[PDB]
Structures are given as C-alpha cells and as structure tokens.
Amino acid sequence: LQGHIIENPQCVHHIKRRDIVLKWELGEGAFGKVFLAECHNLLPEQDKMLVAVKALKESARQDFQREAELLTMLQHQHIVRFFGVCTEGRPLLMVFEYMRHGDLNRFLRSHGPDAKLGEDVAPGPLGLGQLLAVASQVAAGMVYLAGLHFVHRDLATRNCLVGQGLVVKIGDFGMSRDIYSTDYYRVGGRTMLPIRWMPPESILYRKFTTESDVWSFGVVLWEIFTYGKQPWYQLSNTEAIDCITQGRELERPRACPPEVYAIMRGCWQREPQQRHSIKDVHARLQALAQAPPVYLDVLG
C-alpha cells in the first residue's frame, strides 16, 4: 500500500484506556474509525487536551505494532504528532494530535475562489504569502522524511493536516482511499494507485524513491496554488496515465508566480536523478515565504 508507513524498512508510548474519553466520530475508512477525544495526563501544564484517536477495525495486530514503532520515530514540527497507543483490551487505539482545520485539501478548497463563505485566515482567497507558507511547511516535513530515508509514496494535500495558527503537517489516519476514492485508480480487486501524483517511473516501472516523492511534492505545490483542484481533473484515469507517461506537464496555475512554477518544473524532470533535491526546494519556498511584502508584491 502506497502511503502506508510500514512500507519503510527502518520505544512506543502507552496510554491507559481510562485516560482517553471519546467525544464523537470525525471519520471512518476500511481499516477503522477516527474520533475526537479528551486525553487526560498526556502533557503537563494542560491536564486535559483534545486528540484524534484512530481505532483499529491477527496480522493487523502485527501491522499495528510496526506502524506504532515507525510513527514513534517521526518527531518533527511538520509531521503530525503521534502520542502513542492504547493496548489494554479492544479496540486497539492510536493517539495523535488534533488538527482543527482538517486535511489540507479541504482547507485549500474552503479558502479558494469556489468556496461558499476568520481566526487564522483573512477573508476571501488565501494570499500569496499564505500559499507560500503552506508550501514551505509541507516541504519542511518532506526534508525531515528524506533525512530519515523514508519514502511516503502517497504525498498529496489530502494526506496533510492543518492546525490552529495555520500550522501545516504531513500525516493522515489511513482513510484517504475511502474519503478521496476519485484520487486513486483501482486496479484488480483492492489495489488503489494515486496515479495523478505519480512520476513516469512509478507508473511505468513501479519504482518508488525520495525522487518519486519530489515529483509528488511538485504536484502538491500545484494543488496549493490551484486551491486544492485535482491534478489533470479534465482527464479520465487512463488519459492521465497517458499524459504523465508521454511527458506532459501541469499548466501554471493562475495564482502561481513564475518563480514558484520554476520550483514545480524542477520537481518534474523526466529523469529522477536530475530533479532538484527537497532541501533545495524547501530553501527556495522558505525564502519566498519569509520575503518582505515589498519583494513578494512584485511576484504577485
């Protein structure tokens, strides 16, 4: 499964069941459901705090232990915080920080020109500075994963979360194939591929590396500047496979300056070895994110 942390061949904190108090469901997938909950005695000078709890729907017990081990390793400002597990009785639970604004795709769409309707964001569409801040934070999380030699394989805005103060982090609760089924191409009986985010070598040769994740980051950058639109939305799944393998590139979004579109094309070099590194991509976006109003006003 592309995006499943256990596809990486690289101690776990435990929380008592009495310390977790379920509030309501946030979502559900084929592997289980997610709830908002209050977690007691988790962090000092807080006493009580909101968390997102993933409940497991055997080999699944072994998958759970391996997932928990890998999630414990990931500790970064731009990776969704994993607090630990609850193993006393059933269902087994995984506890994560709660991200108020939900997934990045939903956040972009709700703050784009097609939205229906102010604590963390100004009225109307997200400005250039805000779009650059979002992009920079996702790149920072990808720099951290590249540094640990982790290959995501399902990087996309749906697989990022947005918290209070527009803090953006990479992470998901394993429900993207259920919530965003049209973002995947169904092969056989259960295989679902995020082809629109995949480079030619991943589609043609099934090779996944730090470089295929750079390509996916370029597509993320494109989703950010189109306010969450699906890449190749005008194409069917087979038509998108044809365009990607033929070497066609996503058009410059209207809200995207040429400086940013350059960073996107740098992620989309046909040859994996010639794609810019995530360190270089993050350095450029961060520089543009923290540029003074005088400098990015002439970019916009």
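We call the rigid core the largest set of C-alpha positions that still match within 1.5 Å between the two forms. Numbers for residues come from their place in the sequence shown, where the first is 1.
Peer 1: Using RMS Cα distance over all structures and residues, flag whichever of 236-244 and 25-33 lies farther from this form in 9 other deposited structures of this protein after a core fit.
Peer 2: Output: 25-33, the stretch lying farther off on average in 9 other deposited structures of this protein.
Peer 1: Fitting on the rigid core only, I'd like to know which of the two stretches, 94-102 or 124-132, ends up farther away in Cα terms in 9 other deposited structures of this protein.
Peer 2: Looking at 124-132 and 94-102 in 9 other deposited structures of this protein, the bigger mover is 124-132.
Peer 1: Can you tell me whether residue 45 lacks a model in a third or more of the other compared entries?
Peer 2: Yes: coordinates for residue 45 absent from at least a third of the compared entries.
Peer 1: Is it the case that at least a third of the other compared entries omit residue 277, given both of its neighbours are modelled there?
Peer 2: Looking at the other entries that model residues on either side of it, residue 277 is present in every one.
Peer 1: Looking at the deposited sequence, how many residues between residue 117 and residue 118 were given no coordinates in the entry: none, 1 to 3, 4 to 9, or 10 or more?
Peer 2: The entry leaves 1 to 3 residues without coordinates here.
Peer 1: Can you say how many deposited residues have no coordinates in the span between residue 248 and residue 249, choosing none, 1 to 3, 4 to 9, or 10 or more?
Peer 2: Unresolved stretch here: none.
Peer 1: Per the entry, where is the mean C-alpha temperature factor higher: 171-179 or 123-131?
Peer 2: 123-131 has the higher mean C-alpha B-factor.
Peer 1: Mean CA B-factor: is it higher for 32-40 or for 46-54?
Peer 2: Per the deposited B-factors, the answer is 46-54.
Peer 1: Report the option among 187, 220, 214, 195 whose CA atom has the maximum B-factor in the deposited record.
Peer 2: Going by the entry's C-alpha B-factors, 187 comes out highest.
Peer 1: I'd like to know which of 108, 151, 74, 156 has the highest C-alpha temperature factor in the PDB entry.
Peer 2: Top of the list by C-alpha B-factor: 74.
Peer 1: Compare the C-alpha B factor of residue 137 with those of the other modelled residues in its chain, then answer lowest, middle or highest third.
Peer 2: Tercile = lowest for this residue's CA B-factor.
Peer 1: Classify residue 103 as lowest, middle or highest third according to the C-alpha B-factor given in the PDB entry, relative to its own chain.
Peer 2: Ranked within chain, residue 103 CA B lands in the lowest tercile.
Peer 1: Residue 90: which third of its chain by C-alpha temperature factor?
Peer 2: Within its chain, residue 90 is a highest-third residue by C-alpha B-factor, going by the deposited values.
Peer 1: Consider only the C-alpha atoms of the modelled residues in this chain, order them by B-factor as the entry records it, and name the third containing residue 60: lowest, middle or highest.
Peer 2: Ranked within chain, residue 60 CA B lands in the highest tercile.
Peer 1: Would the CA B-factor of residue 241 place it in the lowest, middle or highest third of its chain?
Peer 2: It falls in the bottom third of the chain.
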